[PDB]
Undergrad: 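Next up is a structure, given as structure tokens.
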Amino acid sequence: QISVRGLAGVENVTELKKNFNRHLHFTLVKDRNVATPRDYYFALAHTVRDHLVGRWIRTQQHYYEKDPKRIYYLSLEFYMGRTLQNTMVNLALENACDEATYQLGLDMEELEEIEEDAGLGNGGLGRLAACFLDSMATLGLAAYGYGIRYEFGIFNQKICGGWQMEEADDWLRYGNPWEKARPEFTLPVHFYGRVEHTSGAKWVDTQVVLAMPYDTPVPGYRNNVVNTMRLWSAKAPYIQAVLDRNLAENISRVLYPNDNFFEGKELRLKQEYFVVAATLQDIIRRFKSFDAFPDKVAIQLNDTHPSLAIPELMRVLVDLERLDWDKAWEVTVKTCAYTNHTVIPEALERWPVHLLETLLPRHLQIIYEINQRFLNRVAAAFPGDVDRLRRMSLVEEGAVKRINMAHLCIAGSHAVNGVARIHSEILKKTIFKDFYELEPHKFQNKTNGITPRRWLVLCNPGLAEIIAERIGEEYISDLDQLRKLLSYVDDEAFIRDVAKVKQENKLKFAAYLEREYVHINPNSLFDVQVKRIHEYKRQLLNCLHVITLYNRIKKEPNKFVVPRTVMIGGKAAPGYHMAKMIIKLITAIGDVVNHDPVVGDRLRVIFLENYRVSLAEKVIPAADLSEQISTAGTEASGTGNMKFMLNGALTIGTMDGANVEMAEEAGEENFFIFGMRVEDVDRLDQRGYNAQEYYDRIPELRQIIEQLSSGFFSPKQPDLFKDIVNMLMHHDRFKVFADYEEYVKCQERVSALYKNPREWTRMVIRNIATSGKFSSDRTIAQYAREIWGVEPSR
Amino acid sequence: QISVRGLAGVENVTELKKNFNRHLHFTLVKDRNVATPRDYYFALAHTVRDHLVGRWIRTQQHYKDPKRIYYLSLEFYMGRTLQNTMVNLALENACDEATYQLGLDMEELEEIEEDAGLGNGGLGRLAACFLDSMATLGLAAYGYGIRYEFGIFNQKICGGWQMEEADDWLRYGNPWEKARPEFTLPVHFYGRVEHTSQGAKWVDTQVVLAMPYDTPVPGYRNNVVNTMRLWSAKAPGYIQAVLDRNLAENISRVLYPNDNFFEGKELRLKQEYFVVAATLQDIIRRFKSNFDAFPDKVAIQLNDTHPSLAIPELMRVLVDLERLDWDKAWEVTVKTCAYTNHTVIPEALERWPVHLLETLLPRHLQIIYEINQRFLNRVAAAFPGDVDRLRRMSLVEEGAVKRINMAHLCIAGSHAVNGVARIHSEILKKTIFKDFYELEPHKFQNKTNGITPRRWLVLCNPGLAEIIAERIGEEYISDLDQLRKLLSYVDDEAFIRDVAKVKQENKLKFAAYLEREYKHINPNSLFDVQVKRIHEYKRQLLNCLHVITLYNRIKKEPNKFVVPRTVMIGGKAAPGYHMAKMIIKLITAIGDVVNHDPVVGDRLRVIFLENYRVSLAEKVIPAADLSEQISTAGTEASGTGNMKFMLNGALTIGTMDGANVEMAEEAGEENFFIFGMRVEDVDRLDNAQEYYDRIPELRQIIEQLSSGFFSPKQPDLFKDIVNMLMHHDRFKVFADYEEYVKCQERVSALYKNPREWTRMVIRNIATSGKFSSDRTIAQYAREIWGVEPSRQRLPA
Ligand SMILES: O=C(CN1C(=O)[C@@H](NC(=O)c2cc3cc(Cl)sc3[nH]2)Cc2ccccc21)NCCO
Ligand SMILES: O=C(CN1C(=O)[C@@H](NC(=O)c2cc3cc(Cl)sc3[nH]2)Cc2ccccc21)NCCO
Ligand SMILES: *Cc1c(COP(=O)(O)O)cnc(C)c1O
Ligand SMILES: *Cc1c(COP(=O)(O)O)cnc(C)c1O
């Protein structure tokens, strides 16, 4: 039907159909009168994966021959989501498969709903790695993503009685047709033991866990390129001994549900080394099949989680390859680069020295050696600056001596980058200021991006098409060509069509909620905040605005208000008490608002259950207003924001992370910017933040806190939200009250624009047209030329 | 090359090569450039697997609405699946040609496949032969069991000692299983019994999911493909909660390596209820797709007492869930269930402590006591005033620990009870189940064990199969009684030559196997083979006494000629069993002296065959000259290894125990090396000292064992063997020693007469027909299940 999804030729369609029935017969062992809806998905899944094989083999054989420099994106997280539709898109098979399945009497989009999400990530950091994998393939880069095959991904969230309930994400339950086990490359990973020193060093008496690789294809956009994601699963090398094999194998069991937080879990450390040791061993093998090592190898560290790659490569070159220290260290630093994702201090990985001593004795030794030579450098550039040394040291002082993994990374990386312009500048000026003064050349910016395949062509084919009608399809892998749409801001047809595709998407998401769960008003402003639940994200600020909306209606029931459906989605860390309370608050607001006869259709507040990649694909194309309301200086970049912008939502936001650059690309008159700037946060910090001042001064704010505290939103348990109130009044690091007045005033302005369909749509066009910079193709190109030292090719 | 393996039709060969390359490419993602032998096995496995699916779908659709037979077993000792599949679909020759043209040795590919070693020994191997026979006899038969992640331990010999390694048989994936997610079921554990307005309900339980995997069971050239359904366990701070999922999933992780023993392990009971609860749920769903007709549509065969919980579980579903009255439900249950016993050894009997059942299965314990009361009321009615009889028949045993006897349970709830060999089925009626036979004589039957002539002849001994078919055709494969036509060829010069030719060929193949995988044996020696699980009752120790006697006799008379022997002993010991582990090390310790004495050289060799399993049996058994089957009379219920040796052309030295009796009967006692005490004779003792003093040769050997002749660095190592043989031998080894050695002299005397050795072998092979599992299954079908076997073909 839709030209962007390619051709459905007669002979090509008949092939798909024969191979569909073939797979149902031989692969799934079924007839047409016994086959389950899952069986049909799998037959199509296999039908599509057959088309990947040839190119995959050829792609990797092409790299062997050209022998380009190899990019290894090292990450504990790959938030991949579904694979079927994405594969069909990248290979231009979508229409021909849709027709094939229709002819056979099946709804392909219903079949697509059976695939489990590869939810191997927590949030932004993890989905960035997934977007990167897409872009690196589309740009022809010799790139491999290296990670862990968690048996269980991010927990599946159930909302029970208004509360978050965690259940296991058993994604591999029915099989993974999109992975290929490669047991020929099973490798030993070592733990514990001790270190002998001889006339070199020798790591002896270790416990072994095998690492078994599973390869998953990464198709580039219509370029016949198929790269690889390699994920390692833990494998053990009378009766109790056999069951005790579980302990070693628990290393790859489950993804740690920690978004932006650190705890020194020993199992976490084992995971990070597991991935590091196996990957690096695999990298060296491929290299041999070391002066030229950094000419042929780039290792990108996605946060400090794989920071162990620094001493581990030092361990291999020195202890096993018998290289001199200084030479191994030149090679190591030229190889590794580090991407920082957050300035929040509780997220910073600082491992107890004791824990590293027992588990990785040799690595501890090397860390201490790296630290001495590095501080000898700091002492030489800044002689007598004693306090600089203790600040820049990898070893932290205390009743628990710790290793600062970030400091390890900066010392062992030739490139250190932030994720948005403002965040990268924050690193030079504050958190890494000492490091910036020592080696300013190391410090870069690489503003995040999102893939316009999954986040436009895949999730919003209707928008992709109306754009295609005007400028062709070249934009899909050259997103800057969206600026051509500026010439259409006064086009009556395009204005009609943009509005039309939005309503259509809003209708589809409304059907999804009805079918799977709730009735939402299709004729209301879709107000959406989806992301992880954190204080810094300030879902709680959204909450105060929603209650403001509610109280304003109660104060003047007859007064028209632009009807809104307020949607908030996101998972809370299972151990995050405040985040769990925040989810409970949102549902409890909904309990009162959604049932008050006076309100009715004017205001609905719903918590979107189990926010994940496949849900993002559904809800973001249906959003009108994108909530991006972090307190300035807290959100390093954001990527959810870029998705909303590309899918036709207007943004209400602070001047934080990539919101700054989004406002710059679209012009600040097409953006609903509000609140404190970073400077204003410092002004409050230096003077001391008193939220009681705001309380005593703002009557509407006063009303809500008394509602919260007295029990208006928890009648059966009036005590319920006391921790939220006490925090907001006396321990708010995130100054929710300081931005309340500007937020509510700025939301009034949003409602004013919505009352005017035409000027809402024209502002929408101005956003879509200038989202081009926020393609991950742009991001990867900068990484490649500025850090990796390779040239992309489409 | 050979006729018995079918046609290598040019068109099949072309399509076989095409699908091989296709699978290598699409399924395996490989080129001939980076493909290993393992890739090549899997490419073939998939190619052959494809030929099963059409038949498999059409078979299960065909199931006419016949009565369905459900063989329930904790063990299915299947072995490998590639060759067996090709034989039954008549594709062996076509695939040998296909891989040849592709530059590959098909037999080298077959060696990659791991055994499905989901069994300990005979019991589990029996289930496997039974599935094959039931498919070949066209019965709507399902095998139900557990998918152990780790089968029977892989055995390595280190320092002459048994090492145990985990049988990670699933490591590279199993092409021969098909997961069936739509049929995942909840199995419940622990919880409590509460009482509602309408009956009892089992609530507040812990749930473990049961995930079914189906394996195709092809019939020999009849287009029938049945199913073995094997259940895998699946779970329904946060991190620890996810990790703790391992606990439920541990239920299906490992096969208990107990063979002749009962361990009251709680994890074992969980395994038993796991398979039973899921199976019965499955059975009832297919029945629904009135319970008076349940027995005419369902037969549940209980392989030993391991699945005995099926009795209270069927009662539970019928009463608590389906709401039938107790009496009617009980009628359905007894008419549906039948019990097979496999041993009389007291330590093997399952006797679960009442305390354990109460906690894990509180509702089943209630139902057990209710069954017991109604059963004992019955006993009291038939034999009024026999109080002792009541305590002896009760499902509940008194003592410091109250226990439920599962065998008493099975008989009470079964309409048929059978032993596995004529002699054993009789001793059941006369001793261990004497009282139950007196109450219900109609229930007690015999079903002599069998082995499949496909796997145990056409597959493992194709050369033998071929020379046989050259005389009588291929009809014998699924009609083994036709082997009696070979009796006519007993004076035939060509057949005598051919039988000898194929045996020497098999001996050369095994001698190459040993040199390749583990290195030397002399191919021109008598192959004296004892392979089976290691245990006192089996008497590997009697073999050791003969071996040492043979060694001492050559050292006393060095110039005297002796018929050269290669004595091979193979088998696994139970990892707890200290005495069985000592036996294995004693066998290697002997070997260590005898194999390095320059005066002996190639004249006598003693070797321990490492890692005996189904795939190894298929190698050594075709090569054996002498089958050792030397169990103390009364202890081996039937045996099955004995039958394999007979069909493959080995002579048998054995006691009149188990199926040895019927083997000798079929062939004629002239054609068998019978020795030692019969059952009657054993019942006249249970003093080994009497033998030691009267027999000077026996004396010398026991002086060598204790004084440290076979263990120099460890002088007292075998003190426990000496002490047990002298004082605590339950299996009177010393009592049969004398007859054993003399009978072994008559083995050697015949061997030095090659024509007469071979003629007797002919008489053995030709009368092995009865010991086909097709004969066993026909009987089960007719005499227990009430179904008619058919060798009728299905279309296409
Ligand atoms: O080497 C194998 C052989 N093998 C496959 O490669 C396996 N193939 C794939 O999983 C696979 C194939 C393709 C093509 C892709 Cl494109 S992604 C992908 N994955 C099929 C299979 C089935 C049963 C047993 C083994 C296999 N397996 C190791 C598994 O632990
Ligand atoms: O390559 C595959 C394809 N595959 C099957 O083999 C496929 N079917 C079988 O395992 C299978 C097929 C047949 C035919 C038989 Cl006859 S026995 C048997 N088993 C089911 C499946 C489901 C989900 C993902 C992949 C598969 N799997 C390797 C495991 O990742
Ligand atoms: C993009 C994405 C995130 C990150 O969104 P932010 O608003 O930038 O925090 C988190 N979760 C999912 C499922 C995503 O797709
Ligand atoms: C048949 C067989 C057995 C049973 O042999 P017996 O001598 O009757 O105990 C045990 N293990 C394997 C592998 C077999 O094939």
Side-chain angles (χ1 to χ4, degrees), chain A residues 23 26-29 42 45-46 79 81 117 119 121-128 130-131 154 174-181 214 259 448 450 455 529-532 534 537 569-571 611-617 620 626-628 630 635 637-644 657-658, chain B residues 27-28 46 49-53 56 77 79 85 115 117 119-126 128-129 152 173-179 181 213-216 225 259 449 451 456 530-533 538 571-572 612-618 621 627-629 631 636 638-645 658-659:
Chain A
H23 278 307
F26 295 103
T27 309
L28 286 306
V29 190
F42 276 140
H46 286 74
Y79 213 165
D117 271 46
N122 273 287
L125 182 161
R127 162 34 65 171
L128 190 68
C131 287
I154 185 68
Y174 313 116
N176 185 11
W178 310 108
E179 72 182 17
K180 168 75 185 101
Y214 289 73
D259 191 87
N448 283 167
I450 58 158
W455 304 111
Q529 190 185 201
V530 290
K531 69 228 288 108
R532 296 298 258 86
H534 292 264
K537 316 284 209 172
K571 299 187 176 169
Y611 184 60
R612 63 202 185 279
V613 177
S614 70
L615 192 54
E617 289 176 26
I620 301 176
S626 175
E627 301 274 348
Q628 307 300 333
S630 65
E635 188 81 84
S637 166
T639 52
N641 45 5
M642 302 166 191
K643 300 158 190 209
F644 283 100
Chain B
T27 325
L28 295 168
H46 282 79
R49 162 223 266 202
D50 281 346
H51 274 97
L52 287 168
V53 309
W56 203 12
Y77 215 168
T85 303
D115 277 13
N120 280 297
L123 180 161
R125 206 326 101 177
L126 194 76
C129 286
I152 181 61
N174 184 9
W176 305 105
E177 61 178 27
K178 173 79 184 85
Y213 288 72
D214 287 2
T215 307
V225 182
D259 189 64
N449 275 174
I451 55 158
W456 300 112
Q530 193 187 191
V531 284
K532 51 200 85 178
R533 205 66 148 60
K538 268 95 165 181
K572 286 168 178 169
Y612 182 71
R613 61 211 186 271
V614 179
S615 74
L616 190 50
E618 301 176 12
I621 304 176
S627 173
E628 301 274 337
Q629 304 294 329
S631 61
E636 185 90 78
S638 170
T640 35
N642 56 173
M643 309 170 171
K644 293 165 195 169
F645 283 103

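Each ligand, and each atom within it, is numbered from 1 in the order the structure gives. Letters A, B, ... are given to chains in the order of the sequence lines, protein chains preceding strands, and every chain is numbered from 1.
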Undergrad: Could a heavy atom of A:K180 be found less than 4.0 Å from some atom of ligand 2?
TA: no
Undergrad: For B:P175 and ligand 2, answer yes if some heavy atom of the residue is under 4.0 Å from a ligand atom, otherwise no.
TA: yes
Undergrad: Measure the distance from atom 11 (N) of ligand 3 to every protein heavy atom, then report the residue, atom name and distance (to 0.1 Å) of the closest one.
TA: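 I find the closest protein heavy atom is A:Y611 CE2, 3.5 Å.
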Undergrad: Assess, by modelled atom type and distance only, whether the side chains of B:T640 and B:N449 contain a donor and an acceptor separated by less than 3.5 Å.
TA: no
Undergrad: Tell me the contacting part of B:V531 for ligand 4: side chain, backbone, both, or neither, using a 4.0 Å heavy-atom threshold, strictly below.
TA: backbone
Undergrad: Check each atom of ligand 2 against the heavy atoms of B:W56 and keep those under 4.0 Å away; list them by number with element.
TA: 15 (C), 16 (Cl), 17 (S)
Undergrad: Closer than 4.0 Å and a protein heavy atom, does any atom meet both conditions relative to atom 28 (C) of ligand 2?
TA: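 False for atom 28 (C) of ligand 2.
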Undergrad: Nearest to atom 3 (C) of ligand 3 by heavy atom, A:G126, A:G124, A:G640: which?
TA: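 Result: the heavy atom closest to atom 3 (C) of ligand 3 is in A:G124.
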Undergrad: When only distance counts, is A:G123 in polar contact with ligand 3, meaning an N/O pair under 3.5 Å?
TA: no
Undergrad: Could you tell me, atom by atom, which parts of ligand 3 come under 4.0 Å of a heavy atom of A:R612?
TA: 13 (C)
Undergrad: Applying a strict 4.0 Å limit to heavy atoms, is B:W456 in contact with ligand 4?
TA: yes
Undergrad: What atoms of ligand 3 come within less than 4.0 Å of a heavy atom belonging to A:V613?
TA: 13 (C)
Undergrad: Could you work out, for atom 2 (C) of ligand 4, the closest of B:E636, B:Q629, B:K644, B:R533 by heavy-atom distance?
TA: B:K644
Undergrad: Take B:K538 and B:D259, measure what salt bridge (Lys or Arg N to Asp or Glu O under 4.0 Å) needs, and give me the verdict at the end.
TA: CA-CA 12 Å; B:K538 268 95 165 181; B:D259 189 64; 3.3 Å; yes
Undergrad: Hey, does B:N120 sit under 4.0 Å from ligand 4 if you only count heavy atoms?
TA: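 Not so, B:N120 does not reach ligand 4.
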